[PDB]
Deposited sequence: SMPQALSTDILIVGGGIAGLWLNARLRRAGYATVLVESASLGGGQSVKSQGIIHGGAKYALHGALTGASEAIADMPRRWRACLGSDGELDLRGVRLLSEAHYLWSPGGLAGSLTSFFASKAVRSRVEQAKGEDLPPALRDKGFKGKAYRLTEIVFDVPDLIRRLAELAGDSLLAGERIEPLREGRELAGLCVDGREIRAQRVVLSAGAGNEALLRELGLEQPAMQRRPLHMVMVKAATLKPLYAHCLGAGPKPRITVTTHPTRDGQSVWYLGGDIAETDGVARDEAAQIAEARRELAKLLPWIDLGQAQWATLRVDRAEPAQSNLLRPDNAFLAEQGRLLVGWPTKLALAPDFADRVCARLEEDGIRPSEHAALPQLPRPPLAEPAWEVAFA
């Protein structure tokens, strides 16, 4: 028998949404346990491009995100993320806000061959592994590696969970397990809220010759043709990580070589002044985990649902993790749930941190 535990809020899943919420709750005086079955940040989060989007009824929530995340890096934000690494102070639009010129242009667009125009946004780009590291620090002793989860009932009521045979009692249980939310819901005998999986086929290029770039390339059409972010590697090279429309439906249908070949064509057109002849190339397939369209959604918002003492959801964007936290805290607030008194947590087995794919795919 492992030592039984007691807290206020028990969170399942240590990606950005669970970790951010955990940090908010602890800051507000709640006791928590956060349960992760693999590595923290290791589903979608560390695989994101790290861009904090900010672009109004439903669309209000997203618009305020860059300001909110920025605040956290200083003295007066909703979390203490001071000393978290930004990859870039700005993300850019790139066409054929501020119009950027001369040495205000991103390094990769300073070339004389750069025709067309770039626009600087308030949007920010975070080093996600370093973000996750800090949120794990803010978690303190709440963090628990646990693989196998069962419900802990009191009649029909959900009193907590049994994690690797350990009973953990809690006033609420929150499922922030990404793609794992579906099977956890089934484990509780639930089928709502339903989940969808929208795959991406992301491309990574690694070379010594790359110059920093954080941008959506627009042709015609609302959506980015490609989305570039630059990621430094431990050995002193960089990696350009490519999302956008190249990583969507037709990218998904292309195999690795066809997807790489498509990526080479497009970089030769858009950034011909950067020699990729010595570059290494890889791709990455990953599913976005979202509420199904069959749920009651507001689009540019986090999604949350509940059944009894169970709260469950998805941020939809990494950007919107603070909105996911707000939605949980307003339920707690409306329901009158306050911090109670609990024994200190013992020593617990701790989940590992995830590495970014650019360190694993080449190194």
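Of the deposited sequence, positions 1, 57-65, 107-125 lack any modelled C-alpha atom.
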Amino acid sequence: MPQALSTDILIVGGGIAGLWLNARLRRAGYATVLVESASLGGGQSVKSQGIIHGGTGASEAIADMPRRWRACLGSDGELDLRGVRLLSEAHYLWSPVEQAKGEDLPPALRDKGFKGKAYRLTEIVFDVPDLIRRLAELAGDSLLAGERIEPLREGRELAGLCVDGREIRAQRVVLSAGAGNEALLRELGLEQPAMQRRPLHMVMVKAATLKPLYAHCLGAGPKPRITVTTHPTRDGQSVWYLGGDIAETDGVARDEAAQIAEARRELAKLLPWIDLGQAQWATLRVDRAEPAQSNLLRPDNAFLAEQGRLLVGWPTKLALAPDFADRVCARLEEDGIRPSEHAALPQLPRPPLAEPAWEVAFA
From here on, numbers count along this sequence of modelled residues.
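The PDB entry reports B-factors from which the mean C-alpha value can be compared for 61-69 and 22-30; the larger average falls on 61-69. The PDB entry reports B-factors from which the mean C-alpha value can be compared for 148-156 and 122-130; the larger average falls on 148-156. Note on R309, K47, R298, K317: the highest value goes to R298, judged by CA B factor as recorded. As recorded in the PDB entry, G221 shows the highest C-alpha B-factor of the residues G251, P199, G244, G221. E36 sits in the lowest third of its chain by CA B factor, as recorded in the PDB entry. Ranked within its chain, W94 lands in the highest third, by CA B factor from the PDB record. Looking at the C-alpha B-factors along this chain, the one for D104 belongs to the highest third. For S238, the recorded CA temperature factor ranks within the middle third of the chain's modelled residues. Among the modelled residues of the chain, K211 sits in the middle third by CA temperature factor in this PDB entry.
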